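J.: Have a look at this one.
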Amino acid sequence: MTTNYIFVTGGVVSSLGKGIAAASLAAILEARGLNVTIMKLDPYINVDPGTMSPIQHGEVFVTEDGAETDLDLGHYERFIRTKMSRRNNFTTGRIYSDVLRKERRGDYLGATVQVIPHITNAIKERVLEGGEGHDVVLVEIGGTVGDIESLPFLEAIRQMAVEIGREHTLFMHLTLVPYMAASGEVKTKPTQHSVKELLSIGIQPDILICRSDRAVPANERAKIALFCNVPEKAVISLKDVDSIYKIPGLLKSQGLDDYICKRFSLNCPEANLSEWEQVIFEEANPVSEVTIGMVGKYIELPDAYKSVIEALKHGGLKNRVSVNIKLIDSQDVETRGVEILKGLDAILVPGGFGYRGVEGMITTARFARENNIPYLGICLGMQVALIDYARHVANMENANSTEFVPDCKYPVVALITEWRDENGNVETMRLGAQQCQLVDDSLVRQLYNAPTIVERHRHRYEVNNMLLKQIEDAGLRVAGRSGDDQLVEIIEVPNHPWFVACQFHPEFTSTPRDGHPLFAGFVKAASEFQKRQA
Amino acid sequence: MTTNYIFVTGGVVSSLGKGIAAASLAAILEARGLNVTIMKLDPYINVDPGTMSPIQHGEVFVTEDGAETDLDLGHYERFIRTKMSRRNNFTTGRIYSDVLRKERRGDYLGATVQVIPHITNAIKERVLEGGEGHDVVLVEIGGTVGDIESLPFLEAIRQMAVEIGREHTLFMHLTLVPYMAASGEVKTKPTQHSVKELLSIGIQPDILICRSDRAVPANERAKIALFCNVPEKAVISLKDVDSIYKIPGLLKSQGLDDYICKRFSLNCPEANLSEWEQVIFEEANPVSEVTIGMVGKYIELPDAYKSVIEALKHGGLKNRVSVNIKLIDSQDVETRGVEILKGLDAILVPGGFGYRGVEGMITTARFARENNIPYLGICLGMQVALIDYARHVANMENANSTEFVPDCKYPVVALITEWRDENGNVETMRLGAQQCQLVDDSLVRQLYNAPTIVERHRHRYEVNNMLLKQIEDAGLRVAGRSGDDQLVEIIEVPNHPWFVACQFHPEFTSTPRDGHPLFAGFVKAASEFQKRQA
Amino acid sequence: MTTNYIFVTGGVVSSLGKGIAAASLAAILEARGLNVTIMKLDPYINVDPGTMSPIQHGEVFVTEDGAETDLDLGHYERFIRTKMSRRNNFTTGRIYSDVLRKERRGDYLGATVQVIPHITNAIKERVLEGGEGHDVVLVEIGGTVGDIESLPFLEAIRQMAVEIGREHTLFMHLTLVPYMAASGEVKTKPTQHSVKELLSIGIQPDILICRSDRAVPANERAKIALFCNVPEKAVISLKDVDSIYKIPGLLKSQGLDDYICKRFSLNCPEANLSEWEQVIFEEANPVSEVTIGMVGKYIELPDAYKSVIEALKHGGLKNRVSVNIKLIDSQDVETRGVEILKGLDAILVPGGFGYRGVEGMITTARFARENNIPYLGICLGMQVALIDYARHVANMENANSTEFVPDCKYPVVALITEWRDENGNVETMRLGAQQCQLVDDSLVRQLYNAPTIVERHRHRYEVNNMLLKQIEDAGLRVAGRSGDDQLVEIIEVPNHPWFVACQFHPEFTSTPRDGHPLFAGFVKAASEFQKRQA
Ligand SMILES: Nc1ccn([C@@H]2O[C@H](COP(=O)(O)OP(=O)(O)OP(=O)(O)O)[C@@H](O)[C@H]2O)c(=O)n1
Ligand SMILES: Nc1ccn([C@@H]2O[C@H](COP(=O)(O)OP(=O)(O)OP(=O)(O)O)[C@@H](O)[C@H]2O)c(=O)n1
Ligand SMILES: Nc1ccn([C@@H]2O[C@H](COP(=O)(O)OP(=O)(O)OP(=O)(O)O)[C@@H](O)[C@H]2O)c(=O)n1
Ligand SMILES: Nc1ccn([C@@H]2O[C@H](COP(=O)(O)OP(=O)(O)OP(=O)(O)O)[C@@H](O)[C@H]2O)c(=O)n1
Ligand SMILES: Nc1ncnc2c1ncn2[C@@H]1O[C@H](COP(=O)(O)OP(=O)(O)O)[C@@H](O)[C@H]1O
Ligand SMILES: Nc1ncnc2c1ncn2[C@@H]1O[C@H](COP(=O)(O)OP(=O)(O)O)[C@@H](O)[C@H]1O
Ligand SMILES: Nc1ncnc2c1ncn2[C@@H]1O[C@H](COP(=O)(O)OP(=O)(O)O)[C@@H](O)[C@H]1O
């Protein structure tokens with residue numbers, strides 16, 4: 001068994017959906033019974049994505065092993081079952097850190113460390129590492145062709161391709177075929193040049209992807225084929241669609257996978273894409289609709305809550321109900337007030353960092369709680385709900401977190417070391433998939449249908465056990481506790497129709513085909529509430 | 001007085017309106033009191049445009065001196081008051097013809113004729129020729145930057161920039177800043193690359209034009225400025241508009257011309273663009289609406305009748321009336337019949353070559369004539385009307401042209417040598433502006449308010465004369481005759497509300513600022529008729 | 001049987017010997033038993049090489065069919081036994097002439113004639129024409145890669161490579177690996193860039209040729225292999241040598257031809273290069289040496305008499321004798337005099353056009369004749385010798401050619417129509433291989449060992465038979481005549497040790513393997529005379 005590789009690049013303009021295209025392909029390859037995986041190389045100096053804000057790049061994906069990575073790794077999780085790890089994604093900065101460290105400790109024995117060959121060695125070794133044991137490995141190269149930001153990666157690839165032979169490698173290149181309404185037609189010139197640019201750095205494309213807002217005519221595809229040294233059948237058209245889940249169908253329709261196995265001499269079984277066909281059918285034919293309001297901070301760029309949005313969508317798919325998300329700034333609830341929260345069937349509060357208008361988030365939690373409006377809280381949203389309940393029901397005046405107000409007096413959230421009571425008596429970050437002991441009598445235990453569950457984490461401060469007993473005894477159900485320290489993983493409100501909040505990140509496990517119990521429950525409850533109010 | 005030059009190129013995609021942009025600029029420069037002219041260089045192997053169809057490139061412009069040329073030369077006539085000539089436009093093939101002929105004649109004295117020099121020298125000399133005696137010369141370079149089709153021209157320019165000195169030359173470049181709805185924003189990367197391409201061939205841009213369907217944000221313009229080595233003030237945005245006569249206003253608004261005079265140390269008085277402001281006001285505020293149906297052959301490509309379409313527009317501007325143009329295939333009138341011609345206020349029959357569905361054109365002429373529906377005939381359309389009238393009023397069954405039927409037996413149209421009667425008894429091409437003798441008692445004489453009028457021609461066959469007397473005596477007014485041979489230049493129908501048909505091409509003389517009497521009358525007649533039919 | 005093609009390009013610098021390399025390869029493939037042919041594409045605008053001077057490009061090759069062409073076609077004749085024709089070489093200018101003429105004739109039916117696809121189609125057609133019926137076709141691409149002068153050709157090639165299929169085409173590319181004495185080593189950087197340039201226009205090299213003044217180290221070849229996407233075995237080193245006939249040996253030594261047959265799936269028999277080895281052996285081991293003076297006009301550029309020089313070399317190879325050519329300006333013979341002609345073993349006077357030092361040429365002819373010094377005259381040299389003898393022996397005062405003097409009074413050379421005697425009584429260009437009738441009793445008949453011969457021509461003027469009887473009867477042998485009008489072809493001097501002159505161009509038939517009787521006799525005579533004078 002020898003591993004085959006396909007490289008993905010893109011030119012002309014960014015934001016064409018390279019990760020989307022790659023994931024869609026991989027889904028098909030899995031559907032054909034092939035051991036396919038995927039990695040992404042990122043043109044950034046940032047070593048870890050954790051050093052950047054949510055508004056800067058959107059949500060930072062949490063892998064099973066706790067690694068912080070590019071959002072697209074979560075996208076990969078939503079198309080293939082191969083699990084991603086720290087080996088599936090790294091940056092330019094990461095490379096330099098490693099190489100410079102090797103220099104420092106004498107690993108290059110007095111030699112000059114150069115881009116060629118030393119930086120490219122770091123790269124190609126990481127690629128081979130991640131591709132170990134797989135039939136097909138997709139490698140997405142971030143950045144845009146022709147820009148200096150990723151030329152080292154492109155060079156490493158060229159070298160690799162030569163080393164492994166053309167029989168184990170294909171070049172897939174995304175382009176843009178823009179529509180010019182003034183002329184009444186699309187243009188191909190930009191594409192022709194994009195290809196020329198790859199050629200100038202030693203790369204000859206095998207497969208072309210023509211992104212556009214409409215199907216590209218065969219004639220135009222032929223013209224491209226001519227100028228790019230590519231067979232007509234290898235020029236694929238890819239018009240804009242209203243759902244990513246429909247892309248596998250399109251790629252399959254144009255015979256992409258057949259071509260690929262032919263190129264790799266693989267006797268590949270016919271792709272079973274019916275799993276997504278089902279999803280598509282259900283997606284396009286919901287029986288109902290429901291309005292979900294979301295209160296947060298990074299709503300100025302939906303990418304920040306992308307994983308959440310997708311998870312909500314998945315709940316909707318399972319309940320055949322359209323999910324309408326209202327973006328609400330916590331600072332407006334703080335300013336304008338709860339009037340914002342009117343007209344909602346259910347309310348959701350996401351995680352994240354920053355004090356900002358969190359008091360408005362608390363106000364919102366209070367609102368949904370007291371008005372029996374289905375509620376779902378995640379990470380920070382749980383912290384918020386905790387404060388709400390504690391301060392207004394358990395009478396914990398100024399219930400708060402030490403991360404914002406160390407001298408709280410009622411630090412309902414604090415570092416385990418920082419746990420303390422209102423009298424000053426006392427007694428890093430949790431990451432990745434961790435086992436949570438669910439309370440057998442809780443709803444969540446029954447929603448998952450299991451004694452324990454395993455879910456992803458990312459947070460530093462915990463529920464302060466010193467005061468927990470006040471909150472819990474006041475009438476709040478701890479629906480589940482972690483493990484060794486029995487940390488409050490998840491809570492439920494005794495008499496609320498559906499009020500659930502947790503420490504873990506269910507949004508990194510939900511898929512369009514499998515769904516997820518908490519979103520199924522939340523969204524269903526949302527619909528139920530809507531009907532109860534009508 | 002030293003001539004200043006501005007070169008205009010375009011990259012990324014074609015169909016940006018290089019000629020339009022240049023013409024709009026020239027209009028401003030004229031408005032600044034400057035002796036501005038303009039030339040266009042073509043990347044075509046065809047020596048003359050007369051060897052190509054109108055479906056291939058659209059209407060072929062007829063210059064005053066009889067030269068056939070690129071459509072855009074007419075566009076230049078619609079912005080400035082100078083006159084285009086054969087010196088204002090030439091092709092790649094033209095260059096080679098000349099150079100190879102020089103080779104043949106020994107003009108290179110046994111030397112190798114190379115691209116550099118020789119071929120580029122020919123280009124340089126032609127540019128200097130056309131720009132002689134002008135303050136500012138705009139030069140439009142056909143083709144797209146990065147394509148081999150025009151690299152020789154780009155090279156010749158580079159040479160001249162050095163030879164002349166940068167103090168007398170500027171580099172203007174059009175790009176595309178396309179909107180990507182999927183991202184919700186426009187992209188600037190294509191532009192960045194276009195500039196890089198110019199640089200690779202020795203050209204550093206001075207002025208950038210950002211074509212798009214919407215105004216480009218200052219921030220994006222700044223980003224471009226950075227990467228292109230261009231001052232922010234020289235980065236001009238040009239969004240799509242519904243009228244080319246509004247562009248001068250936009251260019252003026254952004255201070256383009258001020259920059260230019262500054263670069264050329266010119267003392268330029270404030271541009272008087274009120275002429276077009278008037279036109280715009282009138283254009284955007286018509287008091288009426290008429291529908292004109294045009295029966296022809298190349299209607300699948302509006303460009304083929306571009307000069308005509310704009311002439312109709314110009315008449316409409318002066319009469320403050322909206323002009324609708326129905327595109328009718330003569331072959332359908334031939335097939336389906338006159339039912340096509342219903343719902344029209346006026347009938348238009350343009351010129352051209354090809355028998356095709358001319359019988360449907362004749363049918364149409366008959367329809368308009370017989371039903372008193374405001375009729376306008378041009379070149380061939382006149383010949384069609386001649387035949388119509390001849391066959392049904394003068395009873396010249398089978399009246400036609402010898403160019404289609406050698407023995408019509410009623411050859412109403414023929415070469416002068418070919419003039420003959422129905423019994424076979426007998427007794428090159430006319431191009432450019434020619435003086436016609438108008439009949440003092442005709443409407444057209446009064447439409448121009450002059451005994452004679454000079455108008456452009458492009459055609460080989462003439463009104464027989466032998467059989468003319470049958471047609472004219474039957475009751476048809478010859479509204480004007482030519483010069484030496486007093487050839488039927490224009491006719492009018494005695495009892496038709498408005499029926500004018502002529503040999504000349506008024507569509508190459510109308511302007512947005514002046515209009516043109518025949519289109520003014522035609523369109524007005526359409527309105528009159530419209531109101532009568534109510 | 002399917003034709004295979006190999007394209008030969010080169011970059012970095014000119015003057016690498018692309019034609020030499022190709023010819024040497026052809027010789028090997030000939031030795032492998034393959035049907036090999038060869039063509040050269042000329043980037044020049046000149047339609048025919050006849051419109052350029054000898055000083056501009058050196059000697060112009062005369063093909064069998066009379067076509068005038070690139071000197072390298074003669075070089076091809078010196079490595080392969082196949083025959084070149086007009087189909088083996090054409091220029092850029094030629095292409096345009098043809099295409100424009102087709103345009104004029106309506107061949108493109110109203111379509112736009114563009115470089116792509118119309119100019120490239122003209123090229124494509126010519127290539128297929130010349131390669132028709134051959135196993136292997138070598139195509140030399142003139143010009144330098146990266147220059148605009150030949151991009152159209154490179155594009156046509158790319159297209160054909162795709163349309164034909166890679167299984168029938170290879171890309172060979174010459175570079176320069178210059179020695180930098182300051183560093184003490186050769187550099188490869190230029191090569192790396194040259195390859196990148198081909199890649200940017202859609203061409204990926206398969207075979208690399210490293211031109212230098214010394215063998216390139218395997219390590220450096222490996223470095224190149226890396227950066228160019230080429231197997232190490234396909235990187236061929238080519239150091240400078242003292243004989244082009246040693247190149248087949250070098251290419252064979254590195255396994256070039258084996259690689260090629262593998263790429264074309266040909267079962268090629270072991271090359272028999274022993275014929276070349278023989279030539280080399282003899283070349284490197286002459287038994288004697290002679291000095292031959294060459295009196296002419298274009299001696300400032302060796303290339304002008306290249307074919308002659310090589311013909312002399314071949315005579316020397318057959319007689320195992322070194323040939324030392326003394327270049328002499330005929331104008332200096334006019335100035336300095338016959339002192340120039342001292343110290344020579346033999347005298348040679350080449351053909352050409354222009355008077356210049358012709359009187360000095362006559363003086364030289366006289367000198368060699370009267371002093372019994374082994375003389376060989378070709379074309380113009382014959383004309384000169386004719387005048388010499390006529391004026392100084394037949395007493396034809398001012399014997400001359402009408403091409404220089406309208407009224408020579410003794411026009412020994414004139415157009416056939418212009419033939420006349422000294423009393424005024426009377427009564428295009430001869431090209432290609434023509435049959436000549438040799439006089440059985442002449443030396444040259446016996447040198448050739450045949451009644452008749454076939455030799456190439458290139459001249460318009462002929463021996464004026466009106467005055468021939470004066471010259472011939474005075475005591476001069478006509479060794480051969482032509483055909484229909486028995487035009488004088490060869491002349492011998494009755495009592496001169498070895499003095500001959502002819503109308504044809506034997507230098508276009510001489511080969512390194514076959515030699516050529518005339519030059520063998522000439523050079524031999526030089527030796528004989530040398531010994532005679534010692
Ligand atoms: N020749 C250059 C110039 C710029 N960049 C890259 O150019 C990109 C800019 O484009 P893009 O990433 O798509 O976003 P913006 O910078 O906002 O600009 P745009 O989208 O128009 O390209 C930056 O990432 C920068 O790294 C580079 O690497 N090499
Ligand atoms: N590297 C190349 C490739 C193409 N062309 C030019 O590319 C042009 C084709 O593009 P364009 O004029 O814009 O129209 P289309 O050929 O229809 O294609 P497109 O508009 O997408 O470029 C042709 O005129 C051809 O001369 C060239 O000169 N150099
Ligand atoms: N970018 C350029 C520059 C030059 N030329 C061509 O370059 C050739 C000249 O180069 P070359 O043959 O190498 O000789 P020279 O010009 O004398 O200079 P050099 O040998 O140093 O290149 C000319 O035919 C000219 O048409 C061209 O096609 N493209
Ligand atoms: N397109 C490429 C290819 C190579 N290199 C640089 O190429 C240099 C190698 O060339 P050079 O420094 O000149 O020395 P060598 O590698 O020995 O090869 P050469 O001198 O022939 O270039 C290396 O430093 C490497 O960083 C690079 O940056 N970009
Ligand atoms: N054909 C498609 N239909 C519509 N939009 C799509 C499609 N494929 C790509 N996209 C869009 O591309 C965007 C991907 O964003 P981003 O993560 O920046 O892409 P990339 O993977 O190229 O970085 C999404 O907004 C997605 O909707
Ligand atoms: N900003 C503008 N608004 C809308 N379209 C415009 C504008 N300026 C340029 N164009 C369009 O450009 C086209 C010009 O066509 P064409 O003659 O092919 O352009 P070019 O001069 O670039 O060859 C027209 O359809 C015209 O409407
Ligand atoms: N390796 C070789 N040894 C020495 N010089 C060579 C060799 N191969 C090529 N040449 C030289 O190349 C030159 C060819 O000249 P020219 O015809 O101008 O080159 P091209 O055909 O590449 O234009 C000759 O002077 C010849 O000696």
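For the structure tokens, the naming scheme is as follows: chains receive sequential letters (A, B, ...) according to their order of presentation, residues are indexed from 1 within each chain, and ligands are indexed from 1 in presentation order.
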Pull out every residue of chain A that has at least one atom within 10 Å of chain B, counting only C-alpha atoms, and report them as a PDB file with N, CA and C atoms, in the first residue's frame.
T.:
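Output contents, as saved in out-v6.pdb:
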ATOM      1  N   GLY A  11      -5.860  30.386  -6.928  1.00  0.00           N
ATOM      2  CA  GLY A  11      -5.283  31.621  -7.430  1.00  0.00           C
ATOM      3  C   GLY A  11      -6.348  32.674  -7.633  1.00  0.00           C
ATOM      4  N   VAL A  12      -6.031  33.670  -8.450  1.00  0.00           N
ATOM      5  CA  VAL A  12      -6.932  34.782  -8.720  1.00  0.00           C
ATOM      6  C   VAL A  12      -7.307  35.406  -7.363  1.00  0.00           C
ATOM      7  N   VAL A  13      -8.508  35.150  -6.848  1.00  0.00           N
ATOM      8  CA  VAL A  13      -8.881  35.732  -5.566  1.00  0.00           C
ATOM      9  C   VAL A  13      -9.080  34.682  -4.503  1.00  0.00           C
ATOM     10  N   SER A  14      -9.020  35.116  -3.255  1.00  0.00           N
ATOM     11  CA  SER A  14      -9.220  34.230  -2.126  1.00  0.00           C
ATOM     12  C   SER A  14     -10.686  34.006  -1.909  1.00  0.00           C
ATOM     13  N   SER A  15     -10.986  33.238  -0.877  1.00  0.00           N
ATOM     14  CA  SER A  15     -12.347  33.007  -0.449  1.00  0.00           C
ATOM     15  C   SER A  15     -13.161  32.272  -1.498  1.00  0.00           C
ATOM     16  N   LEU A  16     -12.543  31.281  -2.124  1.00  0.00           N
ATOM     17  CA  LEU A  16     -13.237  30.475  -3.107  1.00  0.00           C
ATOM     18  C   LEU A  16     -13.773  29.190  -2.495  1.00  0.00           C
ATOM     19  N   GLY A  17     -13.311  28.851  -1.294  1.00  0.00           N
ATOM     20  CA  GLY A  17     -13.775  27.644  -0.633  1.00  0.00           C
ATOM     21  C   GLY A  17     -12.877  26.460  -0.924  1.00  0.00           C
ATOM     22  N   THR A 144      -2.618  32.628  -1.523  1.00  0.00           N
ATOM     23  CA  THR A 144      -2.982  32.723  -2.934  1.00  0.00           C
ATOM     24  C   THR A 144      -1.763  32.581  -3.823  1.00  0.00           C
ATOM     25  N   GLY A 146       0.979  33.090  -6.379  1.00  0.00           N
ATOM     26  CA  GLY A 146       1.617  34.285  -6.895  1.00  0.00           C
ATOM     27  C   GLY A 146       2.064  35.187  -5.755  1.00  0.00           C
ATOM     28  N   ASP A 147       1.579  34.910  -4.552  1.00  0.00           N
ATOM     29  CA  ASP A 147       1.970  35.675  -3.386  1.00  0.00           C
ATOM     30  C   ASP A 147       3.139  35.038  -2.664  1.00  0.00           C
ATOM     31  N   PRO A 178     -15.306  34.834 -13.285  1.00  0.00           N
ATOM     32  CA  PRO A 178     -16.170  35.936 -12.931  1.00  0.00           C
ATOM     33  C   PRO A 178     -17.160  36.243 -14.015  1.00  0.00           C
ATOM     34  N   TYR A 179     -18.355  36.629 -13.600  1.00  0.00           N
ATOM     35  CA  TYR A 179     -19.379  37.019 -14.542  1.00  0.00           C
ATOM     36  C   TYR A 179     -19.395  38.511 -14.717  1.00  0.00           C
ATOM     37  N   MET A 180     -19.284  38.942 -15.955  1.00  0.00           N
ATOM     38  CA  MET A 180     -19.285  40.347 -16.265  1.00  0.00           C
ATOM     39  C   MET A 180     -20.577  40.754 -16.927  1.00  0.00           C
ATOM     40  N   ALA A 181     -21.524  41.198 -16.104  1.00  0.00           N
ATOM     41  CA  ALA A 181     -22.857  41.613 -16.529  1.00  0.00           C
ATOM     42  C   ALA A 181     -22.827  42.674 -17.606  1.00  0.00           C
ATOM     43  N   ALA A 182     -21.851  43.574 -17.542  1.00  0.00           N
ATOM     44  CA  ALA A 182     -21.704  44.615 -18.549  1.00  0.00           C
ATOM     45  C   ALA A 182     -21.503  44.010 -19.935  1.00  0.00           C
ATOM     46  N   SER A 183     -20.802  42.880 -19.996  1.00  0.00           N
ATOM     47  CA  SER A 183     -20.571  42.186 -21.244  1.00  0.00           C
ATOM     48  C   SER A 183     -21.629  41.123 -21.449  1.00  0.00           C
ATOM     49  N   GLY A 184     -22.253  40.706 -20.350  1.00  0.00           N
ATOM     50  CA  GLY A 184     -23.269  39.681 -20.378  1.00  0.00           C
ATOM     51  C   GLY A 184     -22.647  38.292 -20.411  1.00  0.00           C
ATOM     52  N   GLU A 185     -21.382  38.180 -20.008  1.00  0.00           N
ATOM     53  CA  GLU A 185     -20.725  36.880 -20.067  1.00  0.00           C
ATOM     54  C   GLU A 185     -19.606  36.747 -19.064  1.00  0.00           C
ATOM     55  N   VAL A 186     -19.194  35.510 -18.834  1.00  0.00           N
ATOM     56  CA  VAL A 186     -18.084  35.237 -17.945  1.00  0.00           C
ATOM     57  C   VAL A 186     -16.764  35.359 -18.684  1.00  0.00           C
ATOM     58  N   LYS A 187     -15.687  35.577 -17.941  1.00  0.00           N
ATOM     59  CA  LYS A 187     -14.365  35.690 -18.550  1.00  0.00           C
ATOM     60  C   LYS A 187     -13.433  34.590 -18.063  1.00  0.00           C
ATOM     61  N   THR A 188     -12.450  34.190 -18.885  1.00  0.00           N
ATOM     62  CA  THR A 188     -11.544  33.116 -18.463  1.00  0.00           C
ATOM     63  C   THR A 188     -10.095  33.563 -18.340  1.00  0.00           C
ATOM     64  N   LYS A 189      -9.766  34.709 -18.930  1.00  0.00           N
ATOM     65  CA  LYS A 189      -8.401  35.223 -18.916  1.00  0.00           C
ATOM     66  C   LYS A 189      -7.659  35.090 -17.574  1.00  0.00           C
ATOM     67  N   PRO A 190      -8.215  35.539 -16.434  1.00  0.00           N
ATOM     68  CA  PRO A 190      -7.647  35.435 -15.098  1.00  0.00           C
ATOM     69  C   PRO A 190      -7.185  34.025 -14.780  1.00  0.00           C
ATOM     70  N   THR A 191      -7.974  33.041 -15.200  1.00  0.00           N
ATOM     71  CA  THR A 191      -7.669  31.645 -14.961  1.00  0.00           C
ATOM     72  C   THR A 191      -6.457  31.237 -15.713  1.00  0.00           C
ATOM     73  N   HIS A 193      -4.049  33.034 -16.626  1.00  0.00           N
ATOM     74  CA  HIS A 193      -2.872  33.585 -15.989  1.00  0.00           C
ATOM     75  C   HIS A 193      -2.527  32.887 -14.695  1.00  0.00           C
ATOM     76  N   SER A 194      -3.540  32.498 -13.929  1.00  0.00           N
ATOM     77  CA  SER A 194      -3.309  31.812 -12.672  1.00  0.00           C
ATOM     78  C   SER A 194      -2.529  30.533 -12.893  1.00  0.00           C
ATOM     79  N   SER A 212     -17.679  29.887  -9.684  1.00  0.00           N
ATOM     80  CA  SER A 212     -18.473  30.973 -10.217  1.00  0.00           C
ATOM     81  C   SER A 212     -19.832  30.974  -9.582  1.00  0.00           C
ATOM     82  N   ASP A 213     -20.658  31.922  -9.985  1.00  0.00           N
ATOM     83  CA  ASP A 213     -22.030  31.971  -9.524  1.00  0.00           C
ATOM     84  C   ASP A 213     -22.965  31.279 -10.518  1.00  0.00           C
ATOM     85  N   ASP A 240     -21.995  28.474  -7.646  1.00  0.00           N
ATOM     86  CA  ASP A 240     -22.429  28.690  -6.281  1.00  0.00           C
ATOM     87  C   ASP A 240     -23.729  27.980  -5.961  1.00  0.00           C
ATOM     88  N   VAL A 241     -23.787  27.412  -4.760  1.00  0.00           N
ATOM     89  CA  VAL A 241     -24.966  26.704  -4.278  1.00  0.00           C
ATOM     90  C   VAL A 241     -25.353  27.188  -2.891  1.00  0.00           C
TER      91      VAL A 241
END
J.: Could you pull out the residues sitting within 9 Å of ligand 7, using only C-alpha atoms and all ligand atoms, and write them as number ranges by chain?
T.: C: 10, 14-21, 57, 71-72, 142-143, 211-213, 238-244, 246-247, 303
J.: As a count of residues only, please: the residues near segment 371-382 of chain C (cut-off 8 Å, only C-alpha atoms, same-chain neighbours under 3 positions excluded).
T.: 30
J.: Which residues form the shell of 6 Å around ligand 3 when you count only C-alpha atoms and all ligand atoms, given as a list in words?
T.: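 I would give the residues around ligand 3 as residues 114, 115 and 116 of chain B; 14, 147, 148 and 149 of chain C.
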J.: For residue 56 of chain C, work out the shell of residues within 8 Å, counting only C-alpha atoms and skipping chain neighbours fewer than 4 positions away, then give it as a PDB file with N, CA, C and O atoms, in the first residue's frame.
T.:
ATOM      1  N   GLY B 110      19.582  45.215 -46.902  1.00  0.00           N
ATOM      2  CA  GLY B 110      20.255  43.949 -46.637  1.00  0.00           C
ATOM      3  C   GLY B 110      20.294  43.568 -45.155  1.00  0.00           C
ATOM      4  O   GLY B 110      20.860  42.533 -44.793  1.00  0.00           O
ATOM      5  N   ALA B 111      19.725  44.409 -44.299  1.00  0.00           N
ATOM      6  CA  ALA B 111      19.683  44.141 -42.870  1.00  0.00           C
ATOM      7  C   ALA B 111      18.567  43.172 -42.504  1.00  0.00           C
ATOM      8  O   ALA B 111      17.609  42.976 -43.263  1.00  0.00           O
ATOM      9  N   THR B 112      18.705  42.584 -41.322  1.00  0.00           N
ATOM     10  CA  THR B 112      17.717  41.677 -40.785  1.00  0.00           C
ATOM     11  C   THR B 112      16.565  42.482 -40.280  1.00  0.00           C
ATOM     12  O   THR B 112      16.765  43.403 -39.495  1.00  0.00           O
TER      13      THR B 112
ATOM     14  N   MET C  52      18.867  39.632 -47.583  1.00  0.00           N
ATOM     15  CA  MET C  52      19.890  40.036 -46.632  1.00  0.00           C
ATOM     16  C   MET C  52      21.284  39.765 -47.160  1.00  0.00           C
ATOM     17  O   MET C  52      21.501  38.878 -47.985  1.00  0.00           O
TER      18      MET C  52
END
J.: Which is closest to ligand 4 among A:60, A:201, A:41, A:67, if we use only C-alpha atoms and all ligand atoms?
T.: A:201
J.: List as an NGL selection string the protein and nucleic acid residues near residue 33 of chain A, meaning an atom at most 12 Å away when only C-alpha atoms are counted, but skip any in the same chain fewer than 2 places from it.
T.: :A and (26-31 or 35-36 or 80-81 or 135-136 or 257 or 261 or 266-273)
J.: Write out as a list in words which residues come within 7 Å of residue 232 of chain A when counting only C-alpha atoms, dropping same-chain ones fewer than 4 positions away.
T.: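 What passes the distance filter is residues 221, 222 and 225 of chain A.
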J.: Hey, what's within 10 Å of residue 103 of chain C if we count only C-alpha atoms and toss same-chain stuff fewer than 2 positions away? As a PyMOL selection string, please?
T.: (chain B and resi 45-48+51-52) or (chain C and resi 97-101+105-113)
